[PDB]
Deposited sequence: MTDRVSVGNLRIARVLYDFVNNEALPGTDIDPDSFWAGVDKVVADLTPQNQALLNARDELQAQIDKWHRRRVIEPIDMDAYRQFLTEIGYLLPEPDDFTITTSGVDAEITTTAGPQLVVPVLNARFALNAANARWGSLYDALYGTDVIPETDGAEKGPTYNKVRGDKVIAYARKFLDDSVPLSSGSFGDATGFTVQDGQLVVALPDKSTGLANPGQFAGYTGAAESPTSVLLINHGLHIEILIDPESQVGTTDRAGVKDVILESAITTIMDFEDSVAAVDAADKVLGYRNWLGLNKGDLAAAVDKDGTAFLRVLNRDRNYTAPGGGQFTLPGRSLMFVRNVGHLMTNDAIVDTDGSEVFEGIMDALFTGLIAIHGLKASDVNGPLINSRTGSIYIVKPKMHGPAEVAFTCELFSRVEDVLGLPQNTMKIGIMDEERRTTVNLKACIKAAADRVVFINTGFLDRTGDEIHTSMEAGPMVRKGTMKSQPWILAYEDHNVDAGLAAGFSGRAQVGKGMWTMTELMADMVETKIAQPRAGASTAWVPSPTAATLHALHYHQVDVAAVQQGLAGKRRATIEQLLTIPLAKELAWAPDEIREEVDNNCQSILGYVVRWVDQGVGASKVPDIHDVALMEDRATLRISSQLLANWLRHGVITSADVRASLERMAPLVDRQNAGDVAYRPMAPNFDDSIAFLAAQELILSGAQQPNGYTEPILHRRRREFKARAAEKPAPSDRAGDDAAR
């Protein structure tokens, strides 16, 4: 075949060559020694990996049975809790403790702000994200619906001056709210100057300084006629660009060209749910972009340099010009044929990701082409998705420890971001944090994945509420508060990120600005945004809310109970009319079809996908998990029939075809000839039997089938 023999392993040649020729050089790791370590690590840790996956199945089987032997009625929580305890699903909560994680960057320990997640397979999205640390507020305001597109202020072919003036006014108000002048409003300023190391803002009738002079960070150009002024508020920078000879400056009272906000402080380069990677060739494409980012030489457009400034008193300094990068590895479930053993068995993908993304991350720890690209404190930041409970966290930590050895890195170099997106983690969260107390740099929550696990876990209990309803259910609201509480009680404030979920509605920025503020108000030091534009707008929220103070106020509170976490989202008696049932079916079938068609046919794992009401959504694979589990749950409990599912699929497919009006090939009307349509159908009809409702086993198979057909 086309493989390389290393002990028990048969490595795909494309991968072997990539690692030898591109990833190993410059790391001073012995190539033979590295490969020996890969073989050694796979052999030692594969059996525990498999053991953990079987224990998931065993717990799920026992809960399915607990439900099936019970008839209607209200749950009875005390017995249900007792049962979860007896089977080892719910573990005892350990004594209070403080995380000890060290060598972590300021961007993570102290700075509160937006966090971007982008597919690592998309070199252009990755580059834009890396460069999104500093973003234009005027661009973000002019370009989105934050400034309403009403009469006179619509966006046209060229610059609309009514719209631009509303932009200017919006930004002036933000300045007044965030960096108050001792007297007057930024709205009336005529100029900015720096005298005696103090910012002087010229007004028509007088001059004035900042109410808090400490918020003056510095400037560029002459003190007496600066090109920009730099401010700071809640640890985030704001840059006022001054240029009377610009498109916009020429219309402005102080000649202000733009307001730049430090925006995406950190970015997660994703190998998991936003990318479709089903073989060695796909994984190498991903590893190669991760390498270019870390070497600082990726070009699809290039990576930004650091930003130079003059301190208030006259000296010089610099600020980071790039988002600090995490990588999200895949989780414990999937195997990938990038490496097989002598029996032909595929190796666990999570284990490989640990080895390869960690090897590659070494490059971001040293000089590019050219200070070093990423972590100056010596850490590698790995986000680990889809873990179930503290034994699985303990395993990932042991995995990172073994990889560190192989790579000659000091212990605990590899830091972990624990996603709280499975129920067994949620109800054992303190213990999960404790398992990683020397490695953890964040925890976070979300809607899509965790809800999928909620539905699957209690699949046998009865019919669940609609998808849109899930978002406001008692279990999920308790889930969110419980996550923050656990983090703060573990000492995360000043040490680690407490994060919340993605805003998926890419074009509804006015709505985002209005409602996403709830997240920092709830004490989240960070939350997920779908674009650099959204990062800039979400940065506004961190100027309005003092997250550090919020966290200090939540200190010691217990605002959710285990009971609340365990409140299954069962629908009540006769909750829906026939038309509401059909709408929900249509909604879920369209979300599956819309996503699956681009995934299976084009290997795209994220994009702006129009929903059934043609609202653009940027969701990852988790949208599949929830929609398919909901449909499967409704089929399981007689809410809908299989002919109902079929009819909806048949209706939604031509609608999706139209929404994709390119290399797109229509699903209709010959459905059984479309691999992606058959994939959509399978996810639903096999939903109940997929381990924890995971969609990867089916998706990866179908995509590999499509690729094989495409090679004939």
{"property": "Coordinate gaps, deposited numbering", "result": "1, 302-311, 381-382, 675-676, 728-741"}
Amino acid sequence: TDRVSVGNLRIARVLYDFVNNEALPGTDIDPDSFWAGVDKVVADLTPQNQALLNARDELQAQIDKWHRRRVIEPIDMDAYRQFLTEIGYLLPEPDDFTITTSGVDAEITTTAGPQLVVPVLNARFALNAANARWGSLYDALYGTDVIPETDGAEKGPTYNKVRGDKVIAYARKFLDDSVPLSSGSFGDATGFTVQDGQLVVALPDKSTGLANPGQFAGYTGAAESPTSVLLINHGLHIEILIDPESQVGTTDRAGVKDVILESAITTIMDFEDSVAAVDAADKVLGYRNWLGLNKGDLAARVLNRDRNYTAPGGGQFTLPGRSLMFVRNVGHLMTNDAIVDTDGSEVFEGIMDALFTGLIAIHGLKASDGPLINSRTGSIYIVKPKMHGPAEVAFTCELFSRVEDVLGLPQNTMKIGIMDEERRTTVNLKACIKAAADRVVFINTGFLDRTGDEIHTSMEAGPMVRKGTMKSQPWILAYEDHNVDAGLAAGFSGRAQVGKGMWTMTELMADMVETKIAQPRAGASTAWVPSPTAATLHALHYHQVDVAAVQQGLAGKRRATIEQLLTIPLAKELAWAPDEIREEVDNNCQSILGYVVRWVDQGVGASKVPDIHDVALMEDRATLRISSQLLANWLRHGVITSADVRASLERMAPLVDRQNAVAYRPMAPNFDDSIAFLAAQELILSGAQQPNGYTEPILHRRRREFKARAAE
From here on, numbers count along this sequence of modelled residues.
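Rigid core: the largest C-alpha set superposing within 1.5 Å between the two forms.
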query: Between 181-189 and 443-451, the one whose CA atoms sit farther away in 6 other deposited structures of this protein (rigid core aligned); finding: 443-451
query: Residue 53 coordinate gap across at least a third of other entries; finding: no
query: Across other compared entries, residue 73 missing in at least a third; finding: yes
query: 419-427 versus 613-621 - which carries the larger mean C-alpha B factor in the record; finding: 613-621
query: Given 574-582 and 547-555, the range whose Cα B-factors average higher in the PDB entry; finding: 574-582
query: Peak C-alpha temperature factor (PDB record), options 289, 131, 473, 207; finding: 207
query: Largest Cα B-factor, entry values, listed residues 400, 159, 356, 503; finding: 159
query: Chain thirds of CA B-factor: placement of residue 568; finding: middle
query: Lowest, middle or highest third - CA B-factor, residue 438; finding: middle
query: Third of the chain's Cα B-factor distribution that residue 65 belongs to, per the entry; finding: middle
query: Lowest, middle or highest third - CA B-factor, residue 687; finding: lowest
query: Among modelled residues of the same chain, the CA temperature factor third for residue 541; finding: lowest
